[PDB]
Amino acid sequence: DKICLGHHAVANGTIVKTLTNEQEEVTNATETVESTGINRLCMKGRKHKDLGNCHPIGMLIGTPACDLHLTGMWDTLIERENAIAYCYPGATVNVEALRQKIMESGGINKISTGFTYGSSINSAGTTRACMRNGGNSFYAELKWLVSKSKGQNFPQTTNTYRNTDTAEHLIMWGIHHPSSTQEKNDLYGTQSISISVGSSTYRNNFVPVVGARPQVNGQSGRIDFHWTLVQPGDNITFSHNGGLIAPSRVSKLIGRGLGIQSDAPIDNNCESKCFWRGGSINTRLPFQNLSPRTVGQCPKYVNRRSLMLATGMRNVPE
Amino acid sequence: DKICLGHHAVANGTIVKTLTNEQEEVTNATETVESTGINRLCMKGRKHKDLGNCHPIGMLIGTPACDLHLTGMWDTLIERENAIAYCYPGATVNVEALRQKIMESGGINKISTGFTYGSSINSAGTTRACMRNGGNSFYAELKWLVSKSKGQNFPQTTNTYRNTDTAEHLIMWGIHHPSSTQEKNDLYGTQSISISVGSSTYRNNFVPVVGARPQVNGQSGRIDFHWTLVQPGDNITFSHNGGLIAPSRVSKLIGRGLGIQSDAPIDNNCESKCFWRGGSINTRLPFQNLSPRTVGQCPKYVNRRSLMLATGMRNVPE
Amino acid sequence: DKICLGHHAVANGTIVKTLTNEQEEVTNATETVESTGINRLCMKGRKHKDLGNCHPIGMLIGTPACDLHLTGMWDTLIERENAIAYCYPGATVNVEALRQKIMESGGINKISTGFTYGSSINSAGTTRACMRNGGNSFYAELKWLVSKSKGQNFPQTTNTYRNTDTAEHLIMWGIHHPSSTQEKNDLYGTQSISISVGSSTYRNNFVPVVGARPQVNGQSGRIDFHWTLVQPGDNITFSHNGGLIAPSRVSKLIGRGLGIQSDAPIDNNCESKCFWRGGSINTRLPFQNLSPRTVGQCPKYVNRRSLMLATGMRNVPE
Amino acid sequence: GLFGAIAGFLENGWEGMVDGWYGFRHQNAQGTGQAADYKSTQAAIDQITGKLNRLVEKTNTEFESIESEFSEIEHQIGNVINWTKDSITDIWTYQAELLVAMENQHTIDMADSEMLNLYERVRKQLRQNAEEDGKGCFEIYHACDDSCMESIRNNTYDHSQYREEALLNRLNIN
Amino acid sequence: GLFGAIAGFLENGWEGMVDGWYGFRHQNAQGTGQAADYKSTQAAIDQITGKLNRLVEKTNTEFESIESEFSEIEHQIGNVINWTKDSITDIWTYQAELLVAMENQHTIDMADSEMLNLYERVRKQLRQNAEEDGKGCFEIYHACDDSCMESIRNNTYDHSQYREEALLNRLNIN
Amino acid sequence: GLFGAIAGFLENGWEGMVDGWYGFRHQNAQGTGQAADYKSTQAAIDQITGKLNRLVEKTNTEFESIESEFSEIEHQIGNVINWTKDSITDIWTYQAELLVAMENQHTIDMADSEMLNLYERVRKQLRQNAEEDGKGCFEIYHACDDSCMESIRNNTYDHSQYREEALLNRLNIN
Ligand SMILES: *[C@@H]1O[C@H](CO)[C@@H](O[C@@H]2O[C@H](CO)[C@@H](O)[C@H](O)[C@H]2NC(C)=O)[C@H](O)[C@H]1NC(C)=O
Ligand SMILES: *[C@@H]1O[C@H](CO)[C@@H](O)[C@H](O)[C@H]1NC(C)=O
Ligand SMILES: *[C@@H]1O[C@H](CO)[C@@H](O)[C@H](O)[C@H]1NC(C)=O
Ligand SMILES: *[C@@H]1O[C@H](CO)[C@@H](O)[C@H](O)[C@H]1NC(C)=O
Ligand SMILES: *[C@@H]1O[C@H](CO)[C@@H](O)[C@H](O)[C@H]1NC(C)=O
Ligand SMILES: *[C@@H]1O[C@H](CO)[C@@H](O)[C@H](O)[C@H]1NC(C)=O
Ligand SMILES: *[C@@H]1O[C@H](CO)[C@@H](O)[C@H](O)[C@H]1NC(C)=O
Ligand SMILES: *[C@@H]1O[C@H](CO)[C@@H](O)[C@H](O)[C@H]1NC(C)=O
C-alpha cells in the first residue's frame with residue numbers, strides 16, 4: 001500500500017526564457033509585449049479638433065484652409081499629413097518651435113490689434129494665391145500693405161499693439177520678398193525699405209530683398225513669417241515703410257491639450273490614452289512593439305516581437 | 001518531554017511589496033525614497049559666491065549690481081531670482097549657452113584690451129539707466145563710444161585685442177540701436193554705419209538699426225550684446241564707425257564649479273552635495289521625490305511617495 | 001562504515017559581490033566589463049574610405065587635399081584630426097549638421113550645374129592659398145566670379161540649377177568677404193552688392209561685407225559657405241551682382257555608412273563593429289569602460305573597472 | 001530544480017490531473033485513485049496572480065511628440081533625438097528581457113517549492129507508519145482503505161491509531 | 001513560503017521572544033523554558049545589513065543644470081529636455097519599484113530559510129531519540145532536564161548517551 | 001546558504017576533488033575512496049553555461065556619433081548631450097551592478113541546492129539502513145565493501161538486500 005505525490009503536466013507545453021535557460025518548457029505562459037494596435041483615433045471622452053487639411057500654423061495667420069479653425073477649445077489637436085499652412089508661398093522662422101507650442105495648447109482666442117493706416121496706404125492687398133469665395137483674398141489675420149498709388153513711396157508708418165490682458169499673446173507678422181525690382185517699386189516705391197519691431201523684450205529688423213525664384217502656387221514672391229510672445233502690460237511697436245505684412249489679429253494659446261500627428265480615422269466610440277501615426281494603443285501590457293514614436297500615456301517600446309511570462313510550473317510531460 | 005522551534009513576531013508589523021504580494025506584513029522595514037529636504041543652501045566646506053541680485057552675465061559686462069563680482073575664484077556659484085544683467089535695456093545673443101559657461105566655472109579673471117580712442121571720440125558715454133555712486137555711469141567692462149562733437153560723423157576706427165595668454169578668452173561687445181534718426185545722427189553722424197568683427201576663426205557684421213520701441217528703465221534705445229572666444233595666439237579686430245559698445249576688459253573663465261540656481265538662504269554649518277531650487281538634499285537613500293531638477297551628486301528622482309525595504313521576516317502574530 | 005557527501009574547493013579563491021555580501025568568495029568568476037581595446041581601426045569586411053587630411057566638407061567644395069575623394073562609394077568613412085576643409089580662409093554656416101550628414105552616407109556623386117557666364121565676367125578666379133600643382137588654383141566644385149574689367153561693376157546675373165534627378169541634391173555656394181573697400185571695388189565694382197538665392201522651399205540673401213581681419217594663409221579676406229538640399233524636380237536660382245562663389249558641381253549623398261573619428265592606424269586584417277577615438281572594440285562582453293563615446297554596435301559604457309560574474313559555488317577551503 | 005521535486009525526484013508530471021496543480025495517487029487493495037490538493041494549488045496560483053497584477057500596474061506619465069511626422073527636423077537635433085530614443089529603447093528591451101527571465105526562474109522554482117512543501121507535510125503526517133520510496137511515494141506499513149487514504153489527503157490521519165501495527169510491520173516481527 | 005517553515009508548518013511567531021529572531025521553547029518535568037538562537041539570528045541580520053549597505057553605497061556622478069529656473073528655455077530644446085528627463089525618471093521609478101519588490105521577496109525567503117536550517121540542525125542532533133510533530137516540535141523519547149535542553153540549543157547534546165532509553169520508549173518495549 | 005549545505009552543515013569543501021563539483025568520500029574495512037558525482041556536477045555546470053550564454057548575447061542597435069571629436073560642439077547642445085549620456089551611463093552601471101549581484105546570489109544558491117539534492121537522493125536510497133551524522137555523512141549499519149559503496153554512488157543500491165542486518169545493528173536487539 002502506497003500513496004504518491006505528484007504535479008500536473010500538459011501535452012502542448014509553452015517555451016519561455018529563464019536566467020539559465022533560453023528554451024525552458026512550462027505548462028502555460030502569457031505575452032508581455034503588445035503587438036496589436038487599433039488603426040483608428042479613439043476620441044471617446046475627449047473634446048477633439050480634427051484640422052483636416054489645415055496646418056496648425058495656418059490657424060494663426062488665417063489661411064483659407066483653416067477658416068473653420070481660427071479659434072476654439074479642445075483637449076486634443078489632430079494634425080493631418082500634407083496640411084496647408086501657406087496659400088501665398090513662404091516660410092515661418094522657428095516654425096517647429098511654434099508648431100509644438102500650438103500642438104500642446106488646448107484652444108486659441110483671437111484679439112484685434114486695432115491697427116489703422118494713413119490715406120497713402122492700401123491695407124487690402126490681395127492675391128489669387130489665397131482664393132476665398134471665388135475672389136482674391138489674403139491671410140485672414142494679416143493685412144498686405146501696399147502704396148495706394150502704384151510706384152509711389154510707402155509712407156513711414158508706426159503701429160503699436162498693447163497687451164492689456166493678464167496673459168501673454170502670440171503675434172505674427174510677415175515680410176514680403178518681391179521677385180523683381182519692378183514689382184518692389186510698384187508696391188512700395190523706389191525708397192530704401194526697412195521694418196523695425198520692438199517690444200520691451202524683443203527687437204529685430206527686416207529688409208525685403210528682391211530675388212528671382214521659381215513659382216510656387218503661381219507666385220515667385222515670398223512672405224517670410226515671424227513671431228514673438230508679448231507679455232501682459234507690454235507694448236510692441238512696428239516701424240515700417242513697405243514690406244510689412246501686418247497683423248490685424250493676435251493669438252492667445254489657452255490651457256493644455258494633446259497634439260497627435262496621424263492619418264488614422266477618428267472613432268468616437270472607443271477610449272484610449274496612447275496614440276501614434278498609425279492610430280491608438282490599448283493594453284494592460286507594459287511593453288509594445290508597434291512604434292517608438294508615441295504620444296500620451298503609452299506602454300514602453302521594445303525591440304522584441306515577444307516576451308513570454310511563465311504562468312505555470314516546469315512541464316515534464318508523459 | 002519536547003523541544004519546539006520558532007521565530008519571533010511583533011504587534012506593530014509594517015506592509016511591504018514583493019514580487020507576488022502587494023500587501024506583505026513583515027516585522028521591520030525602512031524607507032528607500034527621501035521625502036525631506038533642507039530649505040537652506042548647505043555651503044560648509046565649499047568656497048562659494050552668492051551673486052545676490054547680480055546676474056552671471058552682469059559679471060562680464062560689469063553692471064553696477066555686479067560691482068563686487070567682476071573677478072573671483074569659487075567652487076560653487078549661486079544665482080538668485082530676478083538678478084540684474086542689464087541696467088541699460090538690451091539682450092545677449094546666445095545668452096543661455098553663455099550663462100551656462102559661467103555657471104560651470106571656478107572663477108573669472110579680467111584682462112584689459114588696451115583699447116585707445118582719438119579725440120574725436122568720446123569714450124565716456126554714460127546713462128541714467130546705469131546709476132553708480134549717485135551719478136550716471138555705464139557697464140564697467142565696456143565703453144559707449146560717441147562723436148565728441150555732437151552731430152558729426154564718427155571716425156572710421158580699428159581696434160584689435162591680442163590674446164597673448166596660453167588659454168582662451170571670452171570677449172563681449174555691444175551694438176547700440178538708437179530709438180530715432182535724430183538720436184543716431186547726433187551720436188554717430190549721418191553716414192551709413194557698419195561694425196565688423198573678425199578674428200582667425202570668427203567674422204560677423206553689425207548695423208545699428210533705428211526703431212521706435214517702448215521705454216525700459218527710461219530708455220527706448222537698446223544695446224544688443226554679442227560674444228566669442230578668442231583662442232590663444234589669436235588676434236580679434238573691431239572695425240567700426242559708430243554704434244559699437246567696445247570692451248575695455250576681457251574675461252577668462254577659470255577652472256570648474258557647481259552652478260546653483262536657488263532662492264534658499266545660505267547655511268555655512270551644514271554640508272551637502274545635492275542642491276535644488278528649494279535648497280539642499282542630505283541623504284544616504286538612493287532615491288528622492290523632492291524635485292526632478294537637481295544639481296550636484298544626487299539621489300535619483302522617482303514618482304513615488306514611499307518604497308519600503310523589508311528588514312525583517314514575515315510577521316505572523318499572536 | 002560511513003559515506004560522506006561533499007563539494008570541491010580551491011586554495012586561491014575569487015572575490016565577487018552579491019545582494020548581501022560585498023566580499024563573497026567563490027571558486028571561479030569571469031569579467032563582464034571589457035577593459036581592453038584594439039589600438040587599430042579594424043576594417044576587415046568593410047569597404048572603407050580613409051580621408052587622410054581631407055575634411056568631409058572639403059569633399060563637397062573641392063579642397064585640393066580632397067582631390068582623391070571628390071566622389072566615391074563606401075560603407076564606412078574615416079575622418080582624421082586636423083583635416084583640411086578650407087584652403088582659402090572661411091567658415092560654413094551649420095557646419096556640424098552638414099558634417100554629420102556626410103558622415104552617415106555611403107557615397108558621393110557629383111553632378112554639373114552647367115553654369116555659364118558672360119565675357120564681362122572672369123570665372124577663373126585663382127589664389128595662392130589653393131595651390132594645385134605648383135600653380136594658383138581654387139575649389140574644384142566652385143568658381144570665383146570676378147569682373148574681367150578691373151574696377152568695373154559686376155553685371156547683374158542669374159544662374160539656375162535644375163534638379164532633374166529622382167533624389168535630393170546637396171548644393172554649396174560661397175560668399176566672398178573682401179578685406180578692403182579697395183579690393184572690393186577692384187573685383188566687383190562700386191555698386192551695392194547683393195546675392196539672393198531662391199528655390200521652391202529655400203530663400204535667403206547675402207551681402208559681402210568689407211572688414212579688417214588678421215591673415216589666415218596670408219589672406220585677410222574670407223569666404224563663407226552656405227548649403228541646402230534641392231528636391232527632385234525643383235529648381236534653385238542664383239540672383240547676384242558680385243561676390244558669389246558659384247557651384248560648377250553639385251553633390252549627391254548615396255545610401256548609408258558608418259562615420260568614424262579616429263587617429264588610429266588601419267588594420268585590414270581584423271574585424272570590428274564598434275569603434276572609438278582610440279581604435280576598435282571586439283568583445284562578447286556586455287559592458288566596457290574604455291570610452292563613453294563610441295560609434296557602431298557597442299557594449300554599454302559603464303563606470304566600473306571590474307564586475308565579476310561568479311561561475312562557481314562558494315569557496316570554503318581547508 | 002532548486003527544491004529537487006518537480007523535474008527532480010519526481011519522474012514526470014501527471015497529464016490526467018486537470019483538477020489542480022498538485023495531487024495524490026494511491027494504491028491499496030480496493031484499487032487505485034487520484035485526487036488534487038486545493039491548498040497547495042491555490043498557494044501557487046495566488047502567487048502567480050500576484051505577479052500578473054504587478055505586470056499590469058501602469059504609470060501616469062504623459063509624453064508629447066518631439067519628432068514631427070509630417071515635416072523635416074533639423075539634422076543635428078534630429079540625430080541627438082535619434083541617439084537618445086535608441087539609448088532609451090535599449091534600456092527598456094534589456095529591462096523587459098531581464099524582467100521576464102528573472103520572473104520565470106522564480107515562478108518555476110516556487111512551484112517546485114509548493115510541491116516539496118506538500119510532500120513534507122505528508123511525510124510528517126505518517127511519521128513512523130510509512131517509509132519514503134525515493135520517487136515521491138510513501139509505502140504504508142498497514143492496511144489503508146480509501147477512508148484512510150482520504151484522511152491523509154484531508155490532514156486528519158491519526159498516526160497513533162496504526163503505529164503499533166506499522167512498527168511490527170517495519171521491523172519484520174510478528 | 002519558499003521553505004515551508006515561517007508562515008508554513010510553524011503556526012505562528014512568538015511575540016515573547018524579544019531575545020532574537022529564532023529560538024527554542026521546551027517542556028520537561030521542571031516545566032517550560034524559552035531561549036533564542038544566536039548563530040541563526042546573526043546569519044539573518046548580517047544578511048539584512050548587507051542589503052542595506054549595498055542600498056546606501058552612493059554613486060559619484062555630478063550633474064550640471066540644463067534647465068534655467070529663472071529664465072526662458074527655447075521651446076524645441078526645452079521639449080527635448082522634458083521628454084528626456086521624463087523618460088529617465090520613468091526608468092528609475094520602475095527600477096526602484098523592481099529593486100524593492102525583488103529584495104523583499106529574497107529577504108522573506110532567506111529568513112524562512114534560516115528558520116528551516118535551525119530546525120534541520122536540531123533534527124539531526126537528536127537523530128533516533130526524537131520524532132517530529134509536524135508543527136516544529138520534537139517529541140523527545142527520554143528524560144531531558146534543563147541541562148539536557150541546554151545541550152541541544154548549544155549543540156553539544158550526545159545522542160548516543162540517551163539512545164538506549166529512547167529506542168525503548170519509541171518501540172514501546174521494556 | 002539558502003539550502004543549509006554548502007557553508008552550512010558541511011564544514012568545508014574538498015580541495016582534493018578536481019574530478020567534479022560534488023562527490024563522495026567513504027570509509028569501510030577495506031579503506032577509503034573518493035569519487036565525483038557526474039549528474040549533480042553537470043546540472044550545476046549547465047546552468048552556469050546558460051547564464052554565460054544570456055550574458056553574451058548581443059542586442060544592438062548601431063549608433064552614430066553625436067559628439068565631434070575634432071571640432072567644437074555648441075555649448076548648450078553639448079551640455080544637454082553630456083547630461084543625457086551621464087544619465088544613461090548611470091542607469092547602465094546600476095543595471096550591470098545589480099545584474100551581477102543578483103546573478104551571483106542565484107549562482108551560489110543553486111550550487112548549494114544541487115549539493116542538497118545529491119545528499120537527499122542518497123538519504124532516500126539507503127532508507128532504513130543508514131543514519132545521518134549531522135555533517136553530511138551517512139553512517140551505514142551493515143558491512144559495505146567497495147562494490148557496495150560503488151552501488152550507492154551509481155544509484156544501484158538495493159536497500160532490501162541489507163535491511164535485516166542493518167535493522168539488527170541499529171536497534172542492537174532482535
Ligand atoms: C528596523 O530596521 C532599521 C533599519 O532597517 C533599524 O534602524 C537602524 O538601526 C541601526 C542600529 O542597529 C542604526 O545604525 C541605523 O542607522 C538605523 N537605520 C535607520 C534607517 O533608522 C532599526 O533598529 C530596526 N528596528 C528594530 C526594532 O529592529
Ligand atoms: C504701453 O502704451 C501705453 C500708452 O502709450 C502706456 O501708457 C504704457 O505705459 C505702455 N506700456 C509699456 C510697458 O511701455
Ligand atoms: C514598532 O514597530 C516598528 C516597525 O514598524 C519599530 O520600528 C518600532 O521600534 C516598534 N516599537 C515598539 C515599541 O515595539
Ligand atoms: C597677432 O598679432 C601679433 C602682433 O601684431 C602677431 O605677432 C601674431 O602673429 C598675430 N597672430 C595672429 C593669429 O594673427
Ligand atoms: C525648372 O525649370 C524648368 C525649365 O524652365 C521648368 O520646366 C520646370 O518647371 C522648373 N521647375 C520648377 C519646380 O519650377
Ligand atoms: C532618425 O531616425 C529615423 C529612423 O531611422 C531616420 O529616418 C532619420 O533620418 C534619422 N534622422 C537623422 C537626422 O539621422
Ligand atoms: C517642460 O516641463 C516643465 C515642467 O512641466 C514646463 O513648465 C515647461 O513649460 C515644459 N517646456 C515645454 C517646452 O513644454
Ligand atoms: C561635455 O563633457 C566633456 C567631458 O567631460 C567636456 O570636456 C565638455 O566640456 C562638456 N561640454 C560642455 C558643453 O560642458
# chains A, B, ... in the order shown; residues from 1 in each chain; ligands from 1

$ calpha_fit_rmsd --fixed "chain F" --moving "chain D"
0.5 Å

$ residues_around --residues "residue 308 of chain B" --least-positions-apart "5" --cutoff "8 Å" --atoms "only C-alpha atoms" --output "list in words"
residues 15, 16, 17, 29, 30, 31 and 32 of chain B; 100 of chain E

$ write_last_selection --atoms "N, CA, C and O atoms" --output "mmCIF file, in the first residue's frame"
data_model
loop_
_atom_site.group_PDB
_atom_site.id
_atom_site.type_symbol
_atom_site.label_atom_id
_atom_site.label_comp_id
_atom_site.auth_asym_id
_atom_site.auth_seq_id
_atom_site.Cartn_x
_atom_site.Cartn_y
_atom_site.Cartn_z
ATOM 1 N N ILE B 15 3.734 46.951 6.272
ATOM 2 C CA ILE B 15 3.423 46.328 4.996
ATOM 3 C C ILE B 15 4.447 46.706 3.920
ATOM 4 O O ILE B 15 4.858 47.858 3.828
ATOM 5 N N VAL B 16 4.888 45.718 3.145
ATOM 6 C CA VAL B 16 5.803 45.952 2.039
ATOM 7 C C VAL B 16 5.291 45.235 0.791
ATOM 8 O O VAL B 16 4.332 44.467 0.859
ATOM 9 N N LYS B 17 5.921 45.508 -0.351
ATOM 10 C CA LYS B 17 5.571 44.855 -1.609
ATOM 11 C C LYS B 17 6.632 43.828 -1.964
ATOM 12 O O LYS B 17 7.824 44.056 -1.753
ATOM 13 N N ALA B 29 10.911 47.450 8.694
ATOM 14 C CA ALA B 29 11.079 47.941 7.333
ATOM 15 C C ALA B 29 11.697 49.327 7.367
ATOM 16 O O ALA B 29 11.678 49.994 8.399
ATOM 17 N N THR B 30 12.250 49.760 6.242
ATOM 18 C CA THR B 30 12.872 51.071 6.169
ATOM 19 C C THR B 30 12.650 51.687 4.787
ATOM 20 O O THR B 30 12.590 50.978 3.776
ATOM 21 N N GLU B 31 12.510 53.009 4.765
ATOM 22 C CA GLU B 31 12.240 53.761 3.546
ATOM 23 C C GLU B 31 13.468 53.838 2.639
ATOM 24 O O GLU B 31 14.598 53.891 3.121
ATOM 25 N N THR B 32 13.235 53.843 1.328
ATOM 26 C CA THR B 32 14.309 53.971 0.344
ATOM 27 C C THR B 32 14.204 55.264 -0.487
ATOM 28 O O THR B 32 15.091 55.571 -1.285
ATOM 29 N N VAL E 100 13.004 46.980 -4.982
ATOM 30 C CA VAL E 100 12.398 46.822 -3.672
ATOM 31 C C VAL E 100 11.551 45.550 -3.587
ATOM 32 O O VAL E 100 11.582 44.837 -2.588
#

$ select_by_dssp --residues "segment 3-172 of chain D" --states "strand (DSSP E)" --output "PyMOL selection string"
chain D and resi 22-28+31-36+130-132+137-140

$ interface_residues --of "chain F" --to "chain D" --cutoff "8 Å" --atoms "only C-alpha atoms" --output "ChimeraX atom specification"
/F:59-61,63-64,66,81,84,88,92,110,113-114,117,121,124-125,127,167

$ write_last_selection --atoms "C-alpha atoms" --output "PDB file, in the first residue's frame"
ATOM      1  CA  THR F  59      21.485  43.323 -28.643  1.00  0.00           C
ATOM      2  CA  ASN F  60      22.474  46.204 -30.947  1.00  0.00           C
ATOM      3  CA  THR F  61      21.406  48.745 -32.401  1.00  0.00           C
ATOM      4  CA  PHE F  63      24.786  54.191 -33.008  1.00  0.00           C
ATOM      5  CA  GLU F  64      26.163  57.180 -34.925  1.00  0.00           C
ATOM      6  CA  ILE F  66      26.547  62.993 -31.761  1.00  0.00           C
ATOM      7  CA  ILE F  81      24.229  65.777 -24.598  1.00  0.00           C
ATOM      8  CA  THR F  84      21.837  62.687 -21.220  1.00  0.00           C
ATOM      9  CA  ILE F  88      22.304  56.838 -19.379  1.00  0.00           C
ATOM     10  CA  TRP F  92      23.763  51.118 -17.188  1.00  0.00           C
ATOM     11  CA  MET F 110      21.621  26.889  -6.815  1.00  0.00           C
ATOM     12  CA  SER F 113      20.765  23.408  -3.902  1.00  0.00           C
ATOM     13  CA  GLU F 114      22.436  20.831  -6.174  1.00  0.00           C
ATOM     14  CA  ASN F 117      19.653  17.350  -3.902  1.00  0.00           C
ATOM     15  CA  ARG F 121      18.778  11.281  -3.081  1.00  0.00           C
ATOM     16  CA  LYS F 124      16.304   8.010   0.394  1.00  0.00           C
ATOM     17  CA  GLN F 125      18.440   5.319  -1.290  1.00  0.00           C
ATOM     18  CA  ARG F 127      16.379   4.395   3.769  1.00  0.00           C
ATOM     19  CA  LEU F 167      17.927  -3.014  11.436  1.00  0.00           C
TER      20      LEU F 167
END

$ closest_atom_pairs --of "chain A" --to "ligand 5" --cutoff "9 Å" --atoms "only C-alpha atoms and all ligand atoms" --output "Markdown table"
| residue | atom | partner | partner_atom_place_in_ligand_line | distance |
| --- | --- | --- | --- | --- |
| A:213 | CA | ligand 5 | 14 (O) | 8.4 |
| A:214 | CA | ligand 5 | 14 (O) | 4.7 |
| A:215 | CA | ligand 5 | 14 (O) | 5.8 |
| A:216 | CA | ligand 5 | 14 (O) | 7.7 |

$ residues_around --residues "residue 94 of chain B" --least-positions-apart "2" --cutoff "12 Å" --atoms "only C-alpha atoms" --output "list in words"
residues 57, 91, 92, 96, 97, 98, 99, 100, 101, 172, 224, 225, 226, 227 and 228 of chain B; 73 and 74 of chain E; 74, 75, 76 and 77 of chain F

$ closest_residue --among "B:70, B:9, B:230, B:212" --to "ligand 2" --atoms "only C-alpha atoms and all ligand atoms"
B:212

$ interface_residues --of "chain B" --to "chain C" --cutoff "8 Å" --atoms "only C-alpha atoms" --output "number ranges by chain"
B: 158, 196-201, 205, 235-239

$ closest_atom_pairs --of "chain B" --to "ligand 4" --cutoff "6 Å" --atoms "only C-alpha atoms and all ligand atoms" --output "JSON lines"
{"residue": "B:162", "atom": "CA", "partner": "ligand 4", "partner_atom_place_in_ligand_line": "1 (C)", "distance": 5.9}
{"residue": "B:233", "atom": "CA", "partner": "ligand 4", "partner_atom_place_in_ligand_line": "13 (C)", "distance": 5.4}
{"residue": "B:234", "atom": "CA", "partner": "ligand 4", "partner_atom_place_in_ligand_line": "13 (C)", "distance": 3.9}
{"residue": "B:235", "atom": "CA", "partner": "ligand 4", "partner_atom_place_in_ligand_line": "1 (C)", "distance": 4.8}

$ write_last_selection --atoms "N, CA and C atoms" --output "PDB file, in the first residue's frame"
ATOM      1  N   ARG B 162      44.672  91.354 -28.770  1.00  0.00           N
ATOM      2  CA  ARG B 162      45.568  90.229 -28.993  1.00  0.00           C
ATOM      3  C   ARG B 162      45.590  89.328 -27.761  1.00  0.00           C
ATOM      4  N   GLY B 233      47.081  83.148 -28.875  1.00  0.00           N
ATOM      5  CA  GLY B 233      47.886  83.406 -30.056  1.00  0.00           C
ATOM      6  C   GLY B 233      47.127  84.147 -31.144  1.00  0.00           C
ATOM      7  N   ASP B 234      45.808  84.233 -30.983  1.00  0.00           N
ATOM      8  CA  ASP B 234      44.953  84.857 -31.984  1.00  0.00           C
ATOM      9  C   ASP B 234      44.624  86.300 -31.632  1.00  0.00           C
ATOM     10  N   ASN B 235      44.367  87.089 -32.668  1.00  0.00           N
ATOM     11  CA  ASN B 235      44.003  88.492 -32.529  1.00  0.00           C
ATOM     12  C   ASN B 235      42.607  88.715 -33.107  1.00  0.00           C
TER      13      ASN B 235
END

$ atom_distance --atom1 "atom CA of residue 80 of chain A" --atom2 "atom CA of residue 289 of chain A"
23.4 Å

$ residues_around --residues "segment 121-133 of chain B" --least-positions-apart "6" --cutoff "6 Å" --atoms "only C-alpha atoms" --output "JSON, numbers by chain"
{"B": [87, 88, 143, 144, 145, 146, 147, 148, 217]}

$ interface_residues --of "chain E" --to "chain B" --cutoff "6 Å" --atoms "only C-alpha atoms" --output "ChimeraX atom specification"
/E:12-15,17,21-28,56,61-65,70,89,93,100-102,104-105,108,111,136-140

$ residues_near_ligand --ligand "ligand 3" --cutoff "6 Å" --atoms "only C-alpha atoms and all ligand atoms" --output "short mmCIF file (atom, residue, chain, number, x, y, z; two decimals) with C-alpha atoms, in the first residue's frame"
data_model
loop_
_atom_site.label_atom_id
_atom_site.label_comp_id
_atom_site.auth_asym_id
_atom_site.auth_seq_id
_atom_site.Cartn_x
_atom_site.Cartn_y
_atom_site.Cartn_z
CA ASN B 12 3.32 46.52 15.10
CA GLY B 13 4.05 44.91 11.72
CA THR B 14 4.54 47.01 8.56
CA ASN B 28 10.57 45.74 10.40
#

$ atom_distance --atom1 "atom CA of residue 204 of chain A" --atom2 "atom CA of residue 173 of chain A"
12.3 Å

$ select_by_dssp --residues "segment 13-173 of chain F" --states "alpha helix (DSSP H)" --output "PyMOL selection string"
chain F and resi 38-56+75-125+146-153+163-171

$ closest_residue --among "E:48, E:55, E:152, E:168" --to "ligand 1" --atoms "only C-alpha atoms and all ligand atoms"
E:48

$ atom_distance --atom1 "atom CA of residue 155 of chain A" --atom2 "atom CA of residue 114 of chain A"
18.7 Å

$ residues_around --residues "residue 162 of chain E" --least-positions-apart "4" --cutoff "10 Å" --atoms "only C-alpha atoms" --output "MDAnalysis selection string"
chainID E and resid 126 128:129 141:144 157:158 166:167
